[PDB]
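Only one chain is included here, represented as structure tokens and corresponding to the form deposited in one PDB entry.
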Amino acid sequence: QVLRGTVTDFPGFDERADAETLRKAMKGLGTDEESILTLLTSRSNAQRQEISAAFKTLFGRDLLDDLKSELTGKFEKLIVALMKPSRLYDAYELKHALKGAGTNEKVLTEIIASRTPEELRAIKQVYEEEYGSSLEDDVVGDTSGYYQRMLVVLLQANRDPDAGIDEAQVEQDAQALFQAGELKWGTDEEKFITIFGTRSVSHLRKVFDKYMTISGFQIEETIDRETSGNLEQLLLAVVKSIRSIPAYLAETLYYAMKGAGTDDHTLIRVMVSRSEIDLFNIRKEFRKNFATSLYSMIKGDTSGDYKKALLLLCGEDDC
């Protein structure tokens, strides 16, 4: 009945003892990576910030600086991601994605399509405080087409409240989305962007259902997942996030590991950002939709302490 992550507050938390444990794991020429990853993956993000404070008070050193030099590679990147304050994670990920012509549209689409209006409001406020600019201005400056416009509408976080189902509106919206897809999402973009971006989640769930009966196929089938452009990818992420945010992010994890190579940036990002929100539900959708557990997939694609920390973040095997 509730969303649910895999990381919770550690019972009997003593930030000073945890700071000594992390310092003992790093003081000297050696490194106890096992002790570091066991402690940090079992402490909540808020507790990690308290350890960071006690670490500086007791020893006069910066914990994040110590971890960066003591650790290397993907394990270091995972630990650094876990130490970033939860209030700042998405805003930092978006600013990093908005890098000129090398803009990472996947990160923009992933965060902006799957975050709630309340989360997007906090992101916009934190983004301004950190980088001196507005997220909208940075988005408009680095994106184009109606992909930019759909990102702007979603960022406004003005989605209608979950209210009573209006059958006349569901029929009119499903008809319009069918005619927009017939034109390959290249005509009257403001029209379907307004439907995708400002209609309530429960309303759009019904619109997607009325779309199935009217057209004979689900609305996702009008967009090729691999070859489609940015707007169509964003539409696909919004539609899937409307159905189930954990299902969309589980599919995102799945394709980050399917095939050759591993999208470790996406693996780390989704694992960490959702660790205290809905990573458990993501695991449930992962097992249900891809016939294998998130745990077993991480075990087969990663290595070293990076794999150890990822599996502990995952929590447990499924099935």
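Between two forms, the rigid core is defined as the largest C-alpha subset superposing within 1.5 Å. A residue's number is simply how far along the shown sequence it sits, counting from 1.
Below: the form deposited in another entry, not depicted.
Upon rigid core superposition, which of the listed residues (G186, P85, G145, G73) is displaced by 2 angstroms or more at its Cα between this form and the one not shown?
The listed residue whose C-alpha shifts by at least 2 Å is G186.
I223: CA shift of at least 2 Å between this form and the one not shown after core fit?
Yes, the C-alpha position differs by at least 2 Å between this form and the one not shown.
Is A101 one of the residues whose Cα moves 2 Å or more between this form and the one not shown, with the core superposed?
Superposed on the core, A101 moves its C-alpha 2 Å or more between this form and the one not shown.
Direction of C-alpha distance change in the other entry, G100 to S273 (at least 3 Å):
Here the pair is farther apart than in the other entry; there, closer.
What direction does the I223-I195 Cα distance move in the other entry compared with the shown chain, closer or farther, given a change of 3 Å or more?
They are closer; the C-alpha distance drops by 3 Å or more in the other entry.
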